[PDB]
Amino acid sequence: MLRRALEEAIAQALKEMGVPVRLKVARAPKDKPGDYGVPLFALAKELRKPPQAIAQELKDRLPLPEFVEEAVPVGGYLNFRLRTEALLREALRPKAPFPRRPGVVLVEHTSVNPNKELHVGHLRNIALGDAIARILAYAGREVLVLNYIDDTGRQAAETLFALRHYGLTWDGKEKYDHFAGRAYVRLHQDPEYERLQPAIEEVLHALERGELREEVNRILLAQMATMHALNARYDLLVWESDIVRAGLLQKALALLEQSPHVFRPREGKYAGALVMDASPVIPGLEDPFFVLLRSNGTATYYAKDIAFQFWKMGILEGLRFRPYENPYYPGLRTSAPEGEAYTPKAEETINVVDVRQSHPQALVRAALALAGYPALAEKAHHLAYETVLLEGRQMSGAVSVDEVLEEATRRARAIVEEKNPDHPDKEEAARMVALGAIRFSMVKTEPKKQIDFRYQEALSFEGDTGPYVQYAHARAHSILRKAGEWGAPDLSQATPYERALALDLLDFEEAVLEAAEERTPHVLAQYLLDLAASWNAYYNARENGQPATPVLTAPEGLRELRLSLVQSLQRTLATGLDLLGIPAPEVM
């Protein structure tokens with residue numbers, strides 16, 4: 001790479017001076033001394049010395065990489081001006097996935113109750129999870145995506161009960177999970193809903209015995225059509241009923257009771273209950289006692305989360321897998337009564353979860369440590385996200401994802417009819433634009449921030465949207481289409497326009513790696529907006545009454561240079577878009 005190669009050379013140089021710390025390089029101020037710079041303020045106080053002195057010091061013991069023209073200590077920072085030729089050369093170089101590093105990173109996302117159609121709240125979950133999974137894989141990690149199916153849940157029991165109680169029969173045409181959702185909705189609007197609890201408990205009991213799996217599977221298959229349309233990928237399916245058969249709960253409980261911090265208080269407000277004292281691993285807690293088993297003997301959700309986490313990291317075994325029959329994913333495997341025994345042996349796990357319906361990371365963290373796995377305790381991550389509104393409306397009093405998809409595809413279709421009335425396949429074009437608008441919207445905003453999805457705004461080819469980035473890709477690609485083949489670029493003919501654009505291209509890999517390391521897809525999304533903006537300003541530039549950056553009319557040497565730069569940009573946008581699950585239309 002370039003930026004990382006620079007940080008590596010700086011780190012190595014910092015060790016030869018004493019301080020074994022690693023500093024991050026970042027784009028230097030707008031039109032200032034250099035292209036990249038490193039701050040020396042964190043060390044300025046950690047060493048009680050003038051920042052400007054540390055910068056000059058670093059400059060003195062830093063062997064310049066061949067691509068660096070000059071290093072300049074600038075008030076606290078040490079800036080680097082790159083050699084234009086090397087800069088261009090690195091910008092033109094093809095960018096591909098990084099070297100593979102062994103060690104499974106298990107990403108769990110989606111995992112919705114299999115009792116009705118998906119809703120907007122589930123959109124962000126899927127988009128965020130799929131994106132981080134794709135980004136991590138590209139960054140070199142061995143990734144596996146798991147979808148947890150709670151087939152024994154009360155929510156599934158309620159819909160199955162409703163379908164029978166109301167004597168509803170599938171018409172054979174309505175999307176099955178929508179049919180189930182209607183039944184669920186009628187049940188909850190029923191005046192005698194409370195009086196029906198005993199009858200619902202009876203179905204719950206049969207459901208818990210694993211006797212209604214096929215009925216649940218019918219709903220899941222229809223939900224999966226939505227997952228597929230959202231361009232999400234899955235490797236494994238794990239069913240709650242299989243988790244029960246595997247005895248993960250009891251095994252986890254038996255392993256935990258070996259700990260001196262896992263015991264049953266003989267008296268107090270926990271008497272008879274099995275509790276885990278997390279204080280020895282988690283300081284500062286009013287009550288460091290997580291209940292695993294209530295006094296009545298009933299297992300807690302915390303105990304079950306621990307059991308499952310243990311299996312994910314190979315601490316426990318019991319789950320068996322086989323091919324999952326479905327029309328969307330040929331390689332998808334599901335847990336089942338019969339199959340090959342398997343554990344992902346994950347080095348790291350990532351759970352994509354709603355900020356509200358979430359459990360404290362402290363739980364599994366402490367459980368992993370107390371069980372004697374302090375290292376793995378630091379590798380159990382959570383990716384919590386905020387609520388998603390539809391047209392400024394909260395969906396908790398609702399619109400299905402399938403409807404948002406159809407309505408967005410509807411509007412996209414109209415947009416493709418006017419901007420390109422002669423487009424060969426307009427439907428495929430509309431699908432890509434709608435999907436891009438949705439996938440990009442769901443991930444461009446920091447997870448901690450709330451999102452308000454508005455159709456027109458999200459679909460606009462002019463705003464900070466997926467279609468905007470897609471259009472920049474199609475524009476760049478159309479130029480290459482018209483150019484045909486071209487020869488060797490003449491780097492010496494580069495103007496400040498080529499340099500500025502090439503430099504933005506040098507930030508792509510860092511955006512990908514930071515997003516992967518921090519588990520923040522929005523960083524990649526934001527980079528793509530910036531790159532698309534840079535490409536547009538570059539394309540639109542004019543001076544003295546004429547285009548200032550023409551490609552096809554540029555003289556020999558310059559034409560080739562611009563074509564290679566245009567190619568690098570189109571490839572970077574196509575690759576970036578793909579990591580966010582967004583297709584890259586060639587014609588728009």
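Values for this structure:
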quantity: For the stretch 63-176: relative contact order, % (alpha-carbon pairs under 8 angstrom, 6 or more apart); calculated: 25 percent
quantity: For the stretch 378-452 and the stretch 307-326, distance of Cα centres in Å; calculated: 32 Å
quantity: Cα shape, the chain, gyration tensor, a/c 1.5 rule; calculated: oblate
quantity: Proximal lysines relative to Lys304, as straight alpha-carbon distance under 21 Å, when same-chain residues fewer than 8 apart are discounted; calculated: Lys251, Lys312, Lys345, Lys379
quantity: Sorted by Cβ density within 10 Å, fewest first, the residues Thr387, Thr572; calculated: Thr387, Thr572
quantity: Relative contact order of the stretch 473-588, pairs being alpha-carbon contacts under 8 Å that are 6 or more residues apart, as %; calculated: 48 percent
quantity: The stretch 496-513 - phi-based ³J(HN,Hα) in whole Hz, Karplus 6.51/-1.76/1.60, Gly and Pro as x; calculated: x, 5, 5, 4, 4, 5, 4, 4, 5, 5, 6, 8, 4, 4, 5, 5, 5, 5
quantity: Sorted by Cβ neighbour density within 10 Å, fewest at the top, the residues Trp170, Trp311; calculated: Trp170, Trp311
quantity: Protection proxy ranking, peptides 370-382, 213-225, average beta carbon neighbours within 10 Å, highest first; calculated: 213-225, 370-382
quantity: Distance between the stretch 263-277 and the stretch 58-121 - C-alpha centres, whole angstrom; calculated: 50 Å
quantity: Set of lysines near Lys173 by C-alpha distance (under 27 Å), chain-local residues within fewer than 8 positions excluded; calculated: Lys116, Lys426
quantity: Dipole moment magnitude, nearest 20 debye, the chain about Cα centre, only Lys, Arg, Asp, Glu C-beta charged; calculated: 900 debye
quantity: Order of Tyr301, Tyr184 under a 10 Å beta carbon neighbour criterion, fewest first; calculated: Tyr301, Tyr184
quantity: Dipole of the stretch 120-200, positive end: most advanced residue of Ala127, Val145, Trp170 [Cβ charges, Cα centre]; calculated: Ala127
quantity: Relative contact order (%) - criterion: Cα under 8 Å, at least six apart; region: the stretch 1-100; calculated: 25 percent
quantity: Amide H partners (placed H, <5 Å) of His382, local residues excluded; calculated: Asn351
quantity: Bins of 5 Å, starting at 0 and running to the largest distance - Cα pair percent for the stretch 1-100; calculated: 3, 13, 23, 26, 17, 10, 7, 3, 0
quantity: Residues whose placed amide H lies under 5 Å from that of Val74, excluding near-sequence neighbours; calculated: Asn79
quantity: Unit charges at the beta carbon, dipole of the chain: most positive-side option, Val72, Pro198, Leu248; calculated: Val72
quantity: Estimated 222 nm signal from helices in the chain, with DSSP H stretches of n ≥ 4 weighted -39500 (n - 2.57), rounded to 500; calculated: -14500 deg cm²/dmol
quantity: Antiparallel DSSP beta bridges within the chain, as percent of all bridges there, nearest 5; calculated: 55 percent
quantity: Listed peptides 314-320, 494-500, 324-330 by packing density, highest first (mean Cβ within 10 Å); calculated: 314-320, 494-500, 324-330
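A quick note on method: Cβ atoms are made from the backbone with ideal geometry, for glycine too, and the neighbour counts reach across all protein chains shown. Where a number appears in this text, it was derived from the coordinates with a stated rule and is not lab data.
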